[PDB]
């Protein structure tokens, strides 16, 4: 691990209430949450406020983070997108039941490693996308209604991440 190994920093938050670990995650992801919510239609002042609240949840709910099912960026995003958008909802977006690993079991490290792999793979993929395709994806996430499907107009390797998640969830259920 590294100043920049987000999964390990997240476990440092979790296992040791590591605040220097939290400084690393904040300094990287807070300006990125800010920039993101602004592309989502937020004004700078409110996007900063939200970025700050996101990162506060990251510390509070750090237990909920499962790297056999998500990258840090993804989970953080999850928290960012489930905020209240007032015209859409009265509170945070309804999210499903919380399935987390107890204060005991880590997920199988092999799953974690294979989850972060498939994940880096897809990040590598989004990056190399023609810009006119990367704009179809950005629009999905920034300012567009339900008449819009992304796993069906893009050709991104979402297939192994899915099974990775299905297989991860099964292990979770066997354990729990």
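Residue numbers count along the first chain shown, from 1.
Problem set entry | 117 to 125 or 145 to 153, whichever carries the higher mean Cα B-factor | Looking at the record's C-alpha B-factors, the answer is 145 to 153.
Exercise. Is the mean CA B factor in the deposited entry higher across 54 to 62 or across 106 to 114?
Worked result: Going by the record's values, the stretch with the higher mean is 106 to 114.
Exercise. Looking at 79, 99, 85, 73, which has the highest Cα B-factor in the entry?
Worked result: Comparing C-alpha B-factors across 79, 99, 85, 73, the top value belongs to 99.
Problem set entry | Residue, from 9, 168, 158, 23, that the PDB entry assigns the highest Cα B-factor | Most elevated C-alpha B-factor of the set, per the entry: 158.
Problem set entry | Ranked C-alpha temperature factor of residue 40 among modelled chain residues, by third | Its C-alpha B-factor belongs to the middle third of this chain's values.
For this session: Quick one: classify residue 69 as lowest, middle or highest third of the chain based on its Cα B-factor.
Result: Tercile = lowest for this residue's CA B-factor.
Exercise. Based on the entry's values, in what third of the chain does the Cα temperature factor of residue 174 lie: lowest, middle or highest?
Worked result: Within its chain, residue 174 is a highest-third residue by C-alpha B-factor, going by the deposited values.
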